[PDB]
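Data first, discussion second: the structure below is written as structure tokens.
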Amino acid sequence: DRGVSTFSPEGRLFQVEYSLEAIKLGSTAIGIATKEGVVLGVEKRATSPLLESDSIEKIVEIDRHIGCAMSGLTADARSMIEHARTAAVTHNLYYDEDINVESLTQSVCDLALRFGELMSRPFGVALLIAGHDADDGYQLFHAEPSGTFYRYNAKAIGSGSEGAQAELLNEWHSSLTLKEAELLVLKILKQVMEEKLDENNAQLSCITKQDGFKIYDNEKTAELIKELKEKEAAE
Amino acid sequence: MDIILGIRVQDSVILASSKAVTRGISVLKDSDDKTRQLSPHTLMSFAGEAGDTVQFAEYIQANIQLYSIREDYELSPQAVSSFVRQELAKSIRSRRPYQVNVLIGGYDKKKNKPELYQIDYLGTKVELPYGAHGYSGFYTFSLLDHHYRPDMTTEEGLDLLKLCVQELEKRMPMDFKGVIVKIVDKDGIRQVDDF
Amino acid sequence: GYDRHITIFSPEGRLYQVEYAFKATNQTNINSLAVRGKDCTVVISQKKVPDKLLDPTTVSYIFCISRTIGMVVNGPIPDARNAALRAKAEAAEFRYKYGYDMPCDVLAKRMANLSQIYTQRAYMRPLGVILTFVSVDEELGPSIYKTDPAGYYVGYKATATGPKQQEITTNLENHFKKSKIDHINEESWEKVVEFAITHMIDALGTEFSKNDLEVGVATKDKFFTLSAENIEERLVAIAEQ
Amino acid sequence: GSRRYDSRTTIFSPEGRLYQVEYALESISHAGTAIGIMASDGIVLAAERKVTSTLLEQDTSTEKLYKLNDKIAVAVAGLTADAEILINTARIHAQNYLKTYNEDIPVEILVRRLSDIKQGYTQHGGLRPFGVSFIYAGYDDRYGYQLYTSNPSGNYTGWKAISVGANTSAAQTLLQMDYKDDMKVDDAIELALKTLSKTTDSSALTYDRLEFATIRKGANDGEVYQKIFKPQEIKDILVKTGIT
Amino acid sequence: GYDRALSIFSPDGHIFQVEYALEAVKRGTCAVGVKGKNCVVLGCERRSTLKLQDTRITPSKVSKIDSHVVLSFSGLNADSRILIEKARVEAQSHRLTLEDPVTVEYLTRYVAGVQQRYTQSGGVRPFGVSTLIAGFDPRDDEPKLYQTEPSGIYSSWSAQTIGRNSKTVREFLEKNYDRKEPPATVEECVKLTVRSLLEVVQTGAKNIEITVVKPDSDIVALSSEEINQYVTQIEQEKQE
Amino acid sequence: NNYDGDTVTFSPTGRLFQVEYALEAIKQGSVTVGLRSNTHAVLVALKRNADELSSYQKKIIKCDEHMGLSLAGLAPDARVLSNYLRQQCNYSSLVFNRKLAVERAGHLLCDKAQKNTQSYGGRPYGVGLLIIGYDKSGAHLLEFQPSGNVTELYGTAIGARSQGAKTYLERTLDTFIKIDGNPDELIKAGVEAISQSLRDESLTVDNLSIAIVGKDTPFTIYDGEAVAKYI
Amino acid sequence: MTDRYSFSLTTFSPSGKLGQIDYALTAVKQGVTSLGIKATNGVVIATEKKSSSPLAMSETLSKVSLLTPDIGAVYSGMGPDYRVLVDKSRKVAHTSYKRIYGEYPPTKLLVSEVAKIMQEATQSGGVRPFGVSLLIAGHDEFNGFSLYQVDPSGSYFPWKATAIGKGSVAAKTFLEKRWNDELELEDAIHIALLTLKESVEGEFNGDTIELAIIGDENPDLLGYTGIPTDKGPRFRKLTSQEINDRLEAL
Amino acid sequence: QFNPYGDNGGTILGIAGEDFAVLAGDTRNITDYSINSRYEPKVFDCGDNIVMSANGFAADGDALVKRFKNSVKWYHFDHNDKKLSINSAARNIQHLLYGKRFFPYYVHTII
Amino acid sequence: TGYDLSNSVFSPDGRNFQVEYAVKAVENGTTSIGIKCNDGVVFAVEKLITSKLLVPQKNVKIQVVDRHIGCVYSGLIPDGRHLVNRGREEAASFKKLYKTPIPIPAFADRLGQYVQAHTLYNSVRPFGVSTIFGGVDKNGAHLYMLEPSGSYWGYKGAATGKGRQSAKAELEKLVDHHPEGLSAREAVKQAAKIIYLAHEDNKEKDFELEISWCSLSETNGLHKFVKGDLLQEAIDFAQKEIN
């Protein structure tokens, strides 16, 4: 075999590059940032109809001001979320304040390269981290198993990503309302999803300064799905 | 803490345990239950250092309940007593020993016999017809030496126990706010509500 | 065939890394020789200084382990010095722990036991060296004990090591067949050194200048090496007979 | 580094089997047969010694049958050196339970812990598994007489009659044929010897190539006795059933 | 300590040791979970190449984790004991600190966490085990069925199967289980479970185990005759 | 080929391929430039985005009030090495009430990178750094390579098409070295230097990153509308 | 640095063989012949002293070693591996027995402890098995005289008489013809010398043969008097002179 | 027996206005009945408009001010040069002090 | 084969190919020399000027250990710094326990045992440097050269790098022409000549000369860099000899 922390001749880490392939097999997750809030949406993708879809938990709260969506080997994300929550609460205990979204993201990304011969392999999951702080307002971050994170106005990860990202390039502008973003995530998820999108196989969430991070009910998302279909037919 | 008594009779073990929790010049509580159920047919009363008592009681309770779930089986009163003794016997040479004295009342279902074990914080175990911890012994033992018979009924045992509480309420310096009485027999553990 | 890379058994029950460490022994192309007198133990070794830029005084394969024990090495100098430092440290500790000077044969057994570990443990390579220990032991008397990368050790009446060892060995065997004794029946160490050089000259078939040789001498209560002029004095004595 | 020379003892085959466990079982299949038979009034342990030499000391010998405590014994198939490591652990584990609870260890608790040690060597540590299969014969006041087997995988199961080592396939068929539930110890002694005699790779079964043991309540009233048979006692029991 | 990274990514983005652990599960005896209106039933296949077994002392396929939760599995038997032991210790530890028994979701989330840890720890191989975990939350009458697998993912199922020929019995359950109307009684739920195993098993003799969990720590294992009555009744309705 | 499995193996011609493969990650990295006079030292960095929806990967990090660096290659490795420098600068201040000499900063990075090239299990750092600082011996520029090799220069550049800027600075050497007591002119020279490494893309307002330290200037970074002055 | 070899170097092959143990036994086969014979009133263990050079002093190399005053060991295979096993064997007789019970271990238990050390070299991380088979002869009050063979695997067997190494197959057949259960120690020494001559090619005398006995207590070899219960070692090495005396009436 | 504590005397005083705050302290430093220094300042500017004094045992006072000043530096490094608010500074100093609960800083701290 | 893929593995010859491979990295490096003199030692090294942008005199390659020892090396420069860092730790612990500054032979074996230790295991890489080092102790002047194998000897003159054979030939002439001895100030000038003559094997890029010295009379037994007037005098002497 060969070392886990080995460089390819092209100057890339084999195990990091291979974990990026695992994430491409993952279910689609989309995030859009507005001045009214950040929206996080995911494809649930139940392997069988007998599996109770509401038990699929791919959107997760880190703190009241920070939420997170995942794609890839989702079992790997549990210890990443556990760390993120402790990092967020610990900073509040030490400084009597909310921790900056970027500082949270940098803390999670520090775990990433802590593998070798520390854990045995990189994480097989990418995270979309969406939040608000007083300094830099509403923010969306893509956190990779490379230990790198980019800030995004909008970002798709998973199987449908390259097609969905090309769609987000056209659709996003700096004046999108929260409602416009909600419909846009539903529209682009429906495009890249295998099975027909409904309230049971897709989930929406958002973080707003006022009300914090909220996962939407299946009743609330169902009405946004109906509002979307009516609007596309209306021209 | 302070007063814990135990009487083994023909068919049952009876444990009486004082209800007062005093700290300084204040009686903080007058309804404290100084007992844990280790298994369906095993009960343990405890008295000693504040914090240490409940911490040790619950730790033993968890271990016996873990054993129960693993083997789908109830440990004999003798076996449980020997476990508890060894834990205290370990403790006494620790950096900070458990300062807890326990009575273990059990009904062995394989033998169809009540059993009472007295174990102090050093890990000194004895099987007794009647047992006490602390200053309570100094009044009860001589009283029970006289009135106790090995073939007594649960009802006779409770009357013999009333005599002990009466003597303690007359001659003991401190107000221990009465006792909670529990019976261990073939049908398990039940609490007497009117004592 | 990774059974040739680390110290595990080959299908025929051999340790190739041990066998190859034996071949590293001759890498220096130097021959050594040890003999015993009545009062002393003499060890001699070839001294080849090919480079004109070398300081010849610093080129040595003979080591003073303790006041009483000397050791000559056949093999590369890095491994040679590795063995010498350990042997010194072991002999020093023995004296501190047990209140008397480490015997030559005990230090040999200890160094052999260390060598054995490298033949059984995988992370440690054997040292590519053969160590010849010499002394005048206060109990056993004049003593030669030799160690190899296999962890083997044994006492000798006399011994030789290096590429042309077999020629020197038979030369010594033939002498002891003739003399009928276990040692050089000589009073002074000076003449035992002369015997050692004489019988090396005959076996190798070469003549030596004062700078072609290296001489260690163990007597009671001290082991010392000879200077170029001590050897030159010795070479003159042989020539005038 | 050292990665080059790592066998990777604790990995899965593409088919989802543990290479080393499978290969250890293949090793055990060449070890002398051992049989356990559980009767209503006791247990028999019988085992065939691996091809004997006439100059072997037969009486002061132990290869197959070992005592764990006064109520439990094991028959061994595989590497003996590996078995003794596990037997000494099992012996200590039995005493730890007695010291803690002042009661002899229930058989299944001992068998589970020994099987759990084997399981460990197949999941972590990068060491080869123990090349050993045990037949556990013992008594406790909960289940009475019990036969178990464990193998290098750390999997254990309970039996009325069972064989380990060589020719288990033929041995199991023969036991399955002549076993019945109301059987007595003396009947089980005969079945054990008759099975080994038919499944042996030797010319004829003799006293010097056998170890034998019974766990009866055939002491005096409500207590269990372990009998590890002496050479002359095996010679007599082999004549009594008319095999020699 | 042994350090080797045994679970690693392949060029295509698969962790083969995790995927090969699933093949061990596919080799294991079939296990099925079906939850009714007021109960969960765990059914388990037992292979019949083993006669002369002692069923009194042989480890049972369904284990109690606490008085209110049960765990059945498919795959390596020796591996399952390590998961059950840890689960039972966490069950008592939860009661000690929270002063409340575990929820079925929590006990499952812990067992799945353990499994995941063994997929990115050095010197360990993943568990060759998938689990069905069933029971009732303290002071709750809503049935709970969860499934875990070697990767560490877990989810809630109305009915699920794992082990060999699980795809055949999943097919059966997928057309025979109505989400709008789960088996309204214990009898209905046991029957649908026994029917689903009879698609795969062989003889309905000593090949099927059935355990019934009801609310408030009400768990009982059915005997041979009790199960045999379900087998006999199903076959007579079939001849039509 | 057979000798690129790990850093602990030499090739038959005495090369360390893992170290060379690490060096290759720098070449793929976005161009960054370093240059200095006798009064000021200036970093200029071209920042790189994932697409038009993403932020621009920050290339410059502050180490102390008098020191900082720019990065090209694996950004997480730059975060480890910068964090190490921050501690070393800090240790010097707390224990000796002394500002860490930019030269010692170099020696410490060299020795940290070296240890990762001689031991089994480890890997070389996959990033190149340009360290600027002003200490008791004036203005300084260093170039760090993850081979361990640290070099003091008047000017330099690392990353993709760094050769363009590196040639330009080699020609401009005599001019820019004597831009003393003029920050804005030393930056202009550094912005013109990095312009020789551009292809199809030009310097925009969220694209350009400039840092400066000097005699009466703490290490400060300019992004966004603060660099509009220099386009 | 540090021992990164934390994994087994002995593993099962598909056929079920443990390669390194098999290859270790191959090393023992190549090794010089050693044998042991058990009489009624003692045990003899013998071997050829294969001299590496005629300049070597074969007295300084002891193939037969005292482990306790009543236990002795001889081997076939790799000398260095045997030497460290004797050091470890002597120490474990003290640490795990004498320092606990105030008396020397019985033969079977010391043998058991050596077998454990050799078993661990078969399973532990980053070690090859020992390349030796031991023959351990000894006496103890409650078991009398006994002779054991310990193999590289860690397996031990009790023997009436056996040989190991080069010409073991022929030696074992020779011992089978000559051994009875009524042999006196002097009759066993006579057979040991006869059996060894078959496998020895060159010189056959007291300087090329190494031979020790486990027999009567030797008060003269105790080194002190005054304690009645201490009566001296039963292990004795026969002198070069004592061997040549028996080679005349051969 | 070695006594690790001493008393360096002096006193400090902090008052807060509507849009300002003062932190005053005398400059005298003493041991027993002797004056060490007539001008040794013990009120410090710690950056981010936080002034701090740790009065009592000057060695523990200087150690604490040194650690908090260092805490302000790393807060900038770890949180994008964000200003450390007085309420956050206070909570941070609590963890500095309580970190040595069983070997306390013998100082009275006012910011 | 495959005997060359792992450090500490003996080939059938009895060789450690990985060390021999490290030697190739040394041969690739720039030229460095050491000249032993009457009462001290002189070190010089070739610094290839890769670009105009290198600050002159400000990439120092010769290193001091303690206050009395100088070290220079050819090959992987970082590997050399690692060896000097250890050298400084060894010299400090010697001065701590024994008070006296470490003698040069004692210091030589400290580096020697350390480098030799990196040929014993497959989990470490041999050193990619040959190191020329020495100084003045209580027994006078000593010069040493240490190689990746851990082999070292005392030298009259020493050379390593791409121009080692050129430099060696030039060193041998000095040893022959000066049997009584070379003066410290003479040896500084000769060092400059030999580096310029050894530069012929590396003549694409022009270079920067760096010299240091320890002398009982000239530098009071302490290590000092040759700078200013003495350096320019030594450069001029060297320039005159190539023409």
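Residue numbering restarts at 1 in every chain; chains get A, B, ... in the order shown in the structure tokens, and ligands count up from 1 in that same order.
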Legend entry - residue 30 of chain F environment, 10 Å, only C-alpha atoms, sequence neighbours closer than 3 positions dropped, as a ChimeraX atom specification: /F:26-27,45-48,57,59,71-73,158-162,197
For the residues in the current selection, export N, CA, C and O atoms as a PDB file, in the first residue's frame.
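And here's out-v7.pdb as it stands now:
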```pdb
ATOM      1  N   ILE F  26       2.976  24.546  -4.679  1.00  0.00           N
ATOM      2  CA  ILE F  26       3.277  26.010  -4.640  1.00  0.00           C
ATOM      3  C   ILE F  26       3.104  26.578  -6.050  1.00  0.00           C
ATOM      4  O   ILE F  26       2.464  27.642  -6.180  1.00  0.00           O
ATOM      5  N   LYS F  27       3.665  25.884  -7.048  1.00  0.00           N
ATOM      6  CA  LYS F  27       3.644  26.279  -8.485  1.00  0.00           C
ATOM      7  C   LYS F  27       2.193  26.436  -8.964  1.00  0.00           C
ATOM      8  O   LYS F  27       1.951  27.344  -9.784  1.00  0.00           O
ATOM      9  N   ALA F  45      -0.299  40.333  -3.343  1.00  0.00           N
ATOM     10  CA  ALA F  45      -0.844  38.981  -3.600  1.00  0.00           C
ATOM     11  C   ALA F  45      -2.073  39.066  -4.512  1.00  0.00           C
ATOM     12  O   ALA F  45      -2.975  39.881  -4.227  1.00  0.00           O
ATOM     13  N   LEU F  46      -2.089  38.247  -5.569  1.00  0.00           N
ATOM     14  CA  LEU F  46      -3.283  37.973  -6.409  1.00  0.00           C
ATOM     15  C   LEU F  46      -4.113  36.908  -5.686  1.00  0.00           C
ATOM     16  O   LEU F  46      -3.579  35.805  -5.458  1.00  0.00           O
ATOM     17  N   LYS F  47      -5.350  37.240  -5.307  1.00  0.00           N
ATOM     18  CA  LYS F  47      -6.278  36.311  -4.609  1.00  0.00           C
ATOM     19  C   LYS F  47      -7.086  35.524  -5.647  1.00  0.00           C
ATOM     20  O   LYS F  47      -7.348  36.068  -6.739  1.00  0.00           O
ATOM     21  N   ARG F  48      -7.477  34.297  -5.295  1.00  0.00           N
ATOM     22  CA  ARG F  48      -8.137  33.322  -6.201  1.00  0.00           C
ATOM     23  C   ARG F  48      -9.477  32.897  -5.595  1.00  0.00           C
ATOM     24  O   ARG F  48      -9.510  32.593  -4.388  1.00  0.00           O
ATOM     25  N   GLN F  57      -9.855  33.758  -1.622  1.00  0.00           N
ATOM     26  CA  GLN F  57      -8.940  33.139  -0.624  1.00  0.00           C
ATOM     27  C   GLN F  57      -7.892  34.168  -0.184  1.00  0.00           C
ATOM     28  O   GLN F  57      -7.097  34.597  -1.044  1.00  0.00           O
ATOM     29  N   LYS F  59      -4.558  35.641   1.228  1.00  0.00           N
ATOM     30  CA  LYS F  59      -3.173  35.164   0.967  1.00  0.00           C
ATOM     31  C   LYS F  59      -2.208  35.698   2.034  1.00  0.00           C
ATOM     32  O   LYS F  59      -1.127  35.100   2.188  1.00  0.00           O
ATOM     33  N   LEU F  71       1.202  33.787   1.366  1.00  0.00           N
ATOM     34  CA  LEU F  71       1.218  32.317   1.138  1.00  0.00           C
ATOM     35  C   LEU F  71       0.881  32.002  -0.324  1.00  0.00           C
ATOM     36  O   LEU F  71       0.133  32.779  -0.955  1.00  0.00           O
ATOM     37  N   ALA F  72       1.433  30.896  -0.822  1.00  0.00           N
ATOM     38  CA  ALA F  72       1.096  30.262  -2.114  1.00  0.00           C
ATOM     39  C   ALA F  72       1.183  28.747  -1.923  1.00  0.00           C
ATOM     40  O   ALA F  72       2.273  28.268  -1.557  1.00  0.00           O
ATOM     41  N   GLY F  73       0.064  28.043  -2.108  1.00  0.00           N
ATOM     42  CA  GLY F  73      -0.038  26.578  -1.954  1.00  0.00           C
ATOM     43  C   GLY F  73      -1.137  26.205  -0.976  1.00  0.00           C
ATOM     44  O   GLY F  73      -2.144  26.940  -0.922  1.00  0.00           O
ATOM     45  N   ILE F 158       6.514  34.060  -5.768  1.00  0.00           N
ATOM     46  CA  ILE F 158       6.225  32.594  -5.800  1.00  0.00           C
ATOM     47  C   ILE F 158       4.792  32.387  -6.297  1.00  0.00           C
ATOM     48  O   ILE F 158       3.962  33.303  -6.119  1.00  0.00           O
ATOM     49  N   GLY F 159       4.526  31.221  -6.893  1.00  0.00           N
ATOM     50  CA  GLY F 159       3.215  30.839  -7.451  1.00  0.00           C
ATOM     51  C   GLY F 159       3.272  30.659  -8.959  1.00  0.00           C
ATOM     52  O   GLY F 159       4.388  30.684  -9.519  1.00  0.00           O
ATOM     53  N   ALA F 160       2.108  30.485  -9.593  1.00  0.00           N
ATOM     54  CA  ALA F 160       1.951  30.295 -11.054  1.00  0.00           C
ATOM     55  C   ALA F 160       2.350  31.584 -11.782  1.00  0.00           C
ATOM     56  O   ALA F 160       1.798  32.647 -11.438  1.00  0.00           O
ATOM     57  N   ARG F 161       3.275  31.476 -12.745  1.00  0.00           N
ATOM     58  CA  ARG F 161       3.777  32.590 -13.597  1.00  0.00           C
ATOM     59  C   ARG F 161       4.510  33.632 -12.743  1.00  0.00           C
ATOM     60  O   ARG F 161       4.527  34.812 -13.142  1.00  0.00           O
ATOM     61  N   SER F 162       5.126  33.207 -11.635  1.00  0.00           N
ATOM     62  CA  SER F 162       5.930  34.071 -10.730  1.00  0.00           C
ATOM     63  C   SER F 162       7.190  34.563 -11.453  1.00  0.00           C
ATOM     64  O   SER F 162       7.733  35.605 -11.042  1.00  0.00           O
ATOM     65  N   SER F 197       2.679  38.893 -14.276  1.00  0.00           N
ATOM     66  CA  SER F 197       2.311  37.475 -14.016  1.00  0.00           C
ATOM     67  C   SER F 197       0.834  37.213 -14.344  1.00  0.00           C
ATOM     68  O   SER F 197       0.382  36.072 -14.116  1.00  0.00           O
TER      69      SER F 197
END
```
Inset, instruction - Determine which residues of segment 12-246 of chain G receive a DSSP assignment of alpha helix (DSSP H), computed from the backbone, and state them as a ChimeraX atom specification. - result: /G:19-30,79-93,99-101,107-123,168-178,185-199,240-246
Legend entry - Straight-line distance linking atom CA of residue 133 of chain D with atom CA of residue 76 of chain D, stated in Å to one decimal: 6.2 Å
Legend entry - Spatial neighbours of residue 131 of chain B, 10 Å, only C-alpha atoms, chain gap at least 2 places, as a ChimeraX atom specification: /B:4-8,15,103-104,116-119,126-129,133,136-137,140-141,144
Inset, instruction - Could you please tell me, as a count of residues only, which residues of chain I have an atom within 8 Å of chain G when using only C-alpha atoms? - result: 3
